[PDB]
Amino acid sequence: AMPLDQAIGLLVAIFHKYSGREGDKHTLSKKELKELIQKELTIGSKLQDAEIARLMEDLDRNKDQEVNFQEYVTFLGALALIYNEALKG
């Protein structure tokens, strides 16, 4: 697949890895999303960064709320802005 098709296919696959764990495969809880981020990204050196720590706290404060695919993708965009190196500056 072209690079962007590859990217989308990976986003979908990782969503379904966690959304399939309980109930509806169309959603995952914010508790589960926090677990997904900590397991699927090499983020362990950055979890105490001021902005990333607030995103993780917000997931724990809203842990039982569900997230659909669109909201998961939006959230990954928010996290990339404060996590991915190429988005610095």
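A residue's number is simply how far along the shown sequence it sits, counting from 1.
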For the stretches 2-10 and 80-88, which has the higher mean C-alpha B-factor as given in the deposited record?
-> 80-88
So 19-27 or 67-75, which one's hotter by mean CA B-factor in the entry?
-> 19-27
Lowest, middle or highest third - CA B-factor, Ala53 = middle
Divide the modelled residues of the chain into thirds by Cα B-factor and specify which third, lowest, middle or highest, holds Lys46.
-> middle
Ranked by Cα temperature factor within the chain, is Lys39 in the lowest third, the middle third or the highest third?
-> middle
